[PDB]
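Student: Quick one: the structure is below, questions incoming.
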Amino acid sequence: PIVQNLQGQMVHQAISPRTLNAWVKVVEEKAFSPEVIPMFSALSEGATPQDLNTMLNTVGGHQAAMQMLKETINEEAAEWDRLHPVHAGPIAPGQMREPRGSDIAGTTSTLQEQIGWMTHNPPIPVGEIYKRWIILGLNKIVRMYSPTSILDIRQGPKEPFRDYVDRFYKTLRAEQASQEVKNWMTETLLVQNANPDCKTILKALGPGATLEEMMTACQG
Amino acid sequence: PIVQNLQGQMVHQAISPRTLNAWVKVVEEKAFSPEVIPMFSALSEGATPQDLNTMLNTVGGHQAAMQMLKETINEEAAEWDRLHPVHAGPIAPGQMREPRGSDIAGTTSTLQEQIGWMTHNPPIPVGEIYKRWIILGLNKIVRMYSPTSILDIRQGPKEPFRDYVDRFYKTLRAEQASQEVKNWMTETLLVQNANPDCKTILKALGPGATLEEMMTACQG
Amino acid sequence: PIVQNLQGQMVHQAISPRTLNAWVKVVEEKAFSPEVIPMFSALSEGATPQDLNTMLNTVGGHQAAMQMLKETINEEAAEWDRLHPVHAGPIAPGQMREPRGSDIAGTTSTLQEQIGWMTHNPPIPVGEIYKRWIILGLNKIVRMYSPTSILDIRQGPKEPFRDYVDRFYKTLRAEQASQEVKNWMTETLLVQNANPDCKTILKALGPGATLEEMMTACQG
Amino acid sequence: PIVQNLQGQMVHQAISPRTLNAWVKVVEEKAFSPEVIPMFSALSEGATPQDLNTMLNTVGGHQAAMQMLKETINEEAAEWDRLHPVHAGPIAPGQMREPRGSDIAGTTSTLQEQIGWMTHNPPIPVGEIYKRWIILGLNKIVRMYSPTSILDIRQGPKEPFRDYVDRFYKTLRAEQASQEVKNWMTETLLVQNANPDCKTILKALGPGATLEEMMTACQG
Amino acid sequence: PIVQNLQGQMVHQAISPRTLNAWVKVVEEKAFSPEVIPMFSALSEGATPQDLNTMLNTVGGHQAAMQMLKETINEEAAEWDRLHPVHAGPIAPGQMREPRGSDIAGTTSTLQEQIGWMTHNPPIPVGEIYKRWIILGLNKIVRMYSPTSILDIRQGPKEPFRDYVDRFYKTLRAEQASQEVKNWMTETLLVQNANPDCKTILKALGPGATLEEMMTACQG
Ligand SMILES: O=P(O)(O)O[C@H]1[C@H](OP(=O)(O)O)[C@@H](OP(=O)(O)O)[C@H](OP(=O)(O)O)[C@@H](OP(=O)(O)O)[C@H]1OP(=O)(O)O
């Protein structure tokens with residue numbers, strides 16, 4: 001990827017085989033859990049769009065998600081084209097023209113054009129826009145592979161509350177909603193879907209008590 | 001992460017995938033035990049807060065611990081905001097203001113801000129403050145993860161004292177207290193809760209005896 | 001670890017994850033035995049006391065030996081303080097006084113003090129003294145961890161002498177004693193604790209000889 | 001003890017019979033409580049070692065503790081001799097040496113020598129050192145006569161908590177541990193060995209509050 | 001305490017043995033009566049903080065009261081330190097730094113320093129502040145030691161009015177509340193909790209009857 005040289009300037013480089021192999025194996029091995037979203041951003045920082053496409057195309061199977069993300073990328077490119085008018089006219093060398101809906105995805109842009117965009121002043125974070133589009137695609141993939149919603153989790157009659165709250169938060173991180181709704185649901189559902197002793201302890205503690213005191217007092 | 005270059009200035013470096021994989025596997029597989037706390041400082045030396053956040057959020061399972069750590073990070077950010085008042089006025093030329101509560105967590109600051117802060121003169125160890133906050137969170141989560149205290153541990157009559165003193169030290173190191181309190185515990189409770197035969201042998205030997213003669217006294 | 005640049009100065013560096021991972025794995029899978037003593041000395045060359053204590057604290061399990069070595073380190077630090085002249089008062093500019101008992105253990109002294117001491121003129125081998133203290137602690141630990149003594153081993157009627165002498169030397173190597181008594185005992189009872197047929201064969205060979213002849217005759 | 005006189009001169013006061021009678025009666029009434037430590041320091045403040053030794057000799061009964069404190073006073077005299085340079089022979093005019101352990105014990109030093117030491121510039125508070133030795137002796141004696149420890153205090157189901165905490169604080173005051181350890185034990189042991197009803201009341205209230213809030217809720 | 005000295009500054013004098021004997025006997029006789037509040041002030045007229053500490057440490061029994069008074073002293077000292085300006089930097093002669101929590105408690109300040117504070121210009125009433133703090137502590141401890149509320153006192157048919165009014169007023173003198181609600185209670189409950197005959201007599205007389213008038217009316 002784009003790696004800074006030893007006490008020098010930024011230079012282009014290819015993706016190391018180890019990183020892409022680790023990415024593809026960790027993607028294919030277990031599942032499309034939400035934890036792939038951070039790890040992806042831990043392996044595709046400062047990378048040109050064509051290398052993103054190369055890393056994307058190496059997935060074994062799960063082509064329905066690939067079609068989903070391709071369609072979302074196409075529609076986002078169309079939205080970008082319609083919102084931002086095309087700047088026509090002569091274009092000076094070194095600072096190329098505005099990228100189009102196909103140039104951002106890198107399907108028509110070449111390596112030299114991407115390097116020029118990266119080194120262009122003012123900076124062009126087209127790779128970052130493609131990365132955030134991939135992030136949205138991964139979010140909707142997690143939505144596709146979500147086993148169930150949050151509105152049906154109920155703690156077992158004798159199940160310890162530790163696993164209950166752990167799986168509740170595991171499902172919560174995969175939910176797609178606003179932050180305020182997430183705060184409201186984590187304040188309400190936790191006390192409304194607990195065992196009688198734990199919920200009586202909760203109501204004795206009253207509102208405004210964080211989960212720390214809740215699950216240190218409900219112990220036993 | 002952040003590593004100084006040989007015969008050159010410090011330069012930003014991408015995160016090694018092997019380090020992240022080793023961290024996540026060692027966190028997920030063994031336990032939430034104290035020995036992982038030093039290992040963290042081995043794998044987090046000289047890193048931006050974004051690197052620490054990425055390392056933290058890549059763990060699978062145990063999301064209650066992650067929520068607790070996030071809440072403690074938020075409260076420590078509030079503490080930093082209250083101890084250090086928000087300085088208004090224009091930004092000094094080439095001297096960005098001190099990071100805010102949301103800036104140390106990295107949720108509202110771009111990587112360039114931390115890159116500038118690390119190399120700024122005088123240096124700003126905001127990443128070290130975030131690392132210490134994470135260390136405090138790890139300490140409290142490993143405290144709550146300990147299922148048993150040290151005041152109720154008892155030795156069975158039908159097993160050697162080896163594993164009993166082993167688990168006594170496990171519980172002793174899993175609790176956070178003053179060094180003098182730990183010395184008092186390891187001076188009193190190591191002999192006040194042993195098997196009766198070993199207790200009488202050690203009473204005959206008298207106080208002020210090292211652990212080696214204690215274990216070699218009543219072998220078998 | 002801190003390393004010297006070729007024809008240059010001495011620059012501090014972090015411990016590579018490979019070394020720590022290998023050390024913890026070999027500690028886990030190769031429960032304390034004499035051959036682990038050299039291994040540590042092969043993985044601690046040019047390492048600061050902070051690195052030594054970090055790799056020491058990463059161990060999992062068998063914390064009784066860890067407390068024993070911590071106590072021996074404390075008592076050796078006290079001996080160093082009481083023997084080596086402790087200087088106080090004014091300190092010459094550009095120089096710092098020798099590390100104290102708490103400084104050699106690394107509990108109080110900061111990493112910068114260790115870096116300055118290592119690069120000082122003349123250099124201070126505080127790290128090597130701490131390493132040799134750890135070596136003595138490991139020696140007494142492996143002495144403690146001896147499954148049995150050395151004068152009680154015998155040879156079964158259906159047991160070939162090969163694994164007999166193998167376990168004999170394995171137990172003998174775990175003995176902390178002078179070399180002369182080791183040679184004296186390895187020349188007399190090694191036959192007295194064997195099977196009668198090869199015993200009488202060796203006795204007919206003559207009192208004392210090179211062990212290659214004594215094993216070739218005992219073959220079959 | 002020597003008492004300063006207003007608008008006059010520093011004059012030694014003969015030991016009045018009132019103080020001796022009060023001390024002997026307060027010794028004979030209980031003879032075993034931490035209260036001897038303050039009261040003694042109120043009855044012998046600013047007194048020469050001769051007066052301290054006379055008051056020690058006047059009290060009778062329980063000669064085992066008296067012999068123990070006398071032999072420890074002898075060992076303190078020996079350590080005082082050995083820690084400080086033993087002065088001998090002629091002394092410089094207008095100056096006097098630090099009295100030895102035998103001299104400070106009140107056996108080989110007459111009253112006029114004590115008065116001269118007190119009136120010297122700088123003053124020599126040998127009486128204060130002897131008083132501190134006596135205080136340490138009383139502390140270790142009441143340690144030797146403590147009938148019960150602090151980890152075995154169990155409150156009966158019908159036993160009121162007021163007398164329980166009273167005797168608990170009695171034993172804690174009888175304890176000569178560190179101040180921080182005393183704070184830790186007052187924070188933990190008071191609730192670790194409490195009745196289940198008040199234990200649950202305190203758990204609902206929230207650990208970390210004043211003991212007055214504990215007692216106001218543990219009533220009944 | 002501090003005795004008046006002519007043609008010179010006042011010099012502190014030790015507490016007389018008879019005064020402390022009277023103090024301890026009046027403590028041991030009742031230990032919870034409100035009449036100890038004046039008796040304490042009559043003995044501590046201008047007493048140094050060291051005398052107050054010694055006389056507070058000479059009371060035997062009910063160590064919970066000592067713990068509560070010590071903790072209230074600590075919190076009041078912290079409040080005094082935080083509210084009163086913290087003197088820092090160059091402390092010129094003629095004044096002194098603010099006594100801290102331990103300094104105002106006399107455990108980290110020599111007696112000569114306290115004497116100089118008492119005779120300072122302007123004088124520092126450290127002893128008076130400690131006296132009022134321990135007076136508040138005594139008030140709250142005697143509130144604790146009062147086991148009966150004021151709304152349940154009733155004059156029984158076989159109970160004479162004299163005993164009823166005497167115990168009512170004696171408990172009122174140990175009650176801590178507003179003066180207006182005190183007046184309301186002493187004008188309502190005294191006629192609401194009497195025998196019916198002189199209840200009707202007092203109702204016929206009307207509110208505003210003195211103790212002598214009501215006691216003569218209820219005679220018979
Ligand atoms: O990090 P180091 O201890 O210096 O070892 C590195 C590391 O290999 P390992 O992670 O297996 O130790 C490199 O891999 P990356 O960290 O860059 O992913 C590898 O680079 P290659 O993957 O390109 O082989 C490099 O080898 P080289 O110096 O030949 O580039 C090798 O150094 P050593 O070969 O000296 O152990």
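Order determines the names: the first chain of the structure tokens is A, the second B, and so forth; residues in each chain are numbered 1 upward, and ligands are numbered 1 upward as they are shown.
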Once you count only C-alpha atoms, which residues of chain D turn out to be within 7 Å of chain E? Could you give them as a list in words?
Tutor: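 The complete set of qualifying residues is residues 6, 7, 19, 35, 38, 39, 165, 166, 169 and 170 of chain D.
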Student: Taking 6 positions as the minimum chain separation for residues in the same chain, which residues sit within 10 Å of stretch 188-195 of chain E when counting only C-alpha atoms? Answer as number ranges by chain.
Tutor: E: 150-161, 164-165, 168-169, 182, 201-203, 206-207, 214, 218
Student: May I have the residues from that selection written out with C-alpha atoms, as a compact mmCIF listing (two decimals), in the first residue's frame?
Tutor:
# COMPACT_ATOMS: atom_id res chain seq x y z
CA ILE E 150 -39.80 12.48 71.31
CA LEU E 151 -43.25 11.77 69.82
CA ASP E 152 -43.96 8.68 71.95
CA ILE E 153 -43.61 10.05 75.50
CA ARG E 154 -46.90 9.50 77.34
CA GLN E 155 -47.96 10.21 80.92
CA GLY E 156 -49.43 6.96 82.22
CA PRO E 157 -52.48 6.89 84.50
CA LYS E 158 -50.31 5.55 87.35
CA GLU E 159 -47.38 7.81 86.34
CA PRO E 160 -47.14 11.13 88.20
CA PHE E 161 -46.98 14.31 86.15
CA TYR E 164 -43.37 12.88 82.97
CA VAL E 165 -42.49 16.57 82.66
CA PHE E 168 -39.77 15.26 78.75
CA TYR E 169 -37.61 18.32 79.43
CA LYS E 182 -39.14 22.86 69.57
CA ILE E 201 -57.69 21.38 83.33
CA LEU E 202 -54.89 22.65 81.08
CA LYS E 203 -57.25 22.89 78.10
CA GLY E 206 -55.46 27.64 77.73
CA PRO E 207 -52.02 27.55 76.12
CA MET E 214 -49.33 23.16 85.24
CA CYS E 218 -52.16 18.49 87.86
Student: Enumerate, as a count of residues only, the complete set of residues in stretch 17-90 of chain B that a backbone-based DSSP assignment places in helix (DSSP H, G or I).
Tutor: 51
Student: Give me, as a PDB file with N, CA, C and O atoms, in the first residue's frame, all polymer residues having an atom no more than 9 Å from residue E:135, counting only C-alpha atoms and skipping those fewer than 5 positions away in the same chain.
Tutor:
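Once everything was written out, this is around.pdb:
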ATOM      1  N   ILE E  37     -21.693  17.878  77.818  1.00  0.00           N
ATOM      2  CA  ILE E  37     -21.333  18.963  76.901  1.00  0.00           C
ATOM      3  C   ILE E  37     -20.809  20.188  77.645  1.00  0.00           C
ATOM      4  O   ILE E  37     -19.742  20.700  77.268  1.00  0.00           O
ATOM      5  N   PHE E  40     -17.455  19.281  79.637  1.00  0.00           N
ATOM      6  CA  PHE E  40     -16.283  19.212  78.772  1.00  0.00           C
ATOM      7  C   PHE E  40     -15.693  20.597  78.532  1.00  0.00           C
ATOM      8  O   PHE E  40     -14.468  20.766  78.539  1.00  0.00           O
ATOM      9  N   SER E  41     -16.547  21.602  78.321  1.00  0.00           N
ATOM     10  CA  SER E  41     -16.046  22.939  78.023  1.00  0.00           C
ATOM     11  C   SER E  41     -15.430  23.597  79.251  1.00  0.00           C
ATOM     12  O   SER E  41     -14.523  24.426  79.117  1.00  0.00           O
ATOM     13  N   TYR E 130     -10.813  22.969  66.965  1.00  0.00           N
ATOM     14  CA  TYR E 130     -10.876  21.554  67.315  1.00  0.00           C
ATOM     15  C   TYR E 130     -11.911  21.301  68.404  1.00  0.00           C
ATOM     16  O   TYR E 130     -12.615  20.283  68.369  1.00  0.00           O
ATOM     17  N   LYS E 140     -23.541  14.760  67.925  1.00  0.00           N
ATOM     18  CA  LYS E 140     -24.059  13.685  67.084  1.00  0.00           C
ATOM     19  C   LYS E 140     -23.945  12.325  67.768  1.00  0.00           C
ATOM     20  O   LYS E 140     -24.810  11.463  67.570  1.00  0.00           O
TER      21      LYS E 140
END
Student: Kindly give the distance, in Å, that separates atom CA of residue C:87 and atom CA of residue C:132, rounded to a single decimal.
Tutor: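 Calculated distance between atom CA of residue C:87 and atom CA of residue C:132 is 23.7 Å.
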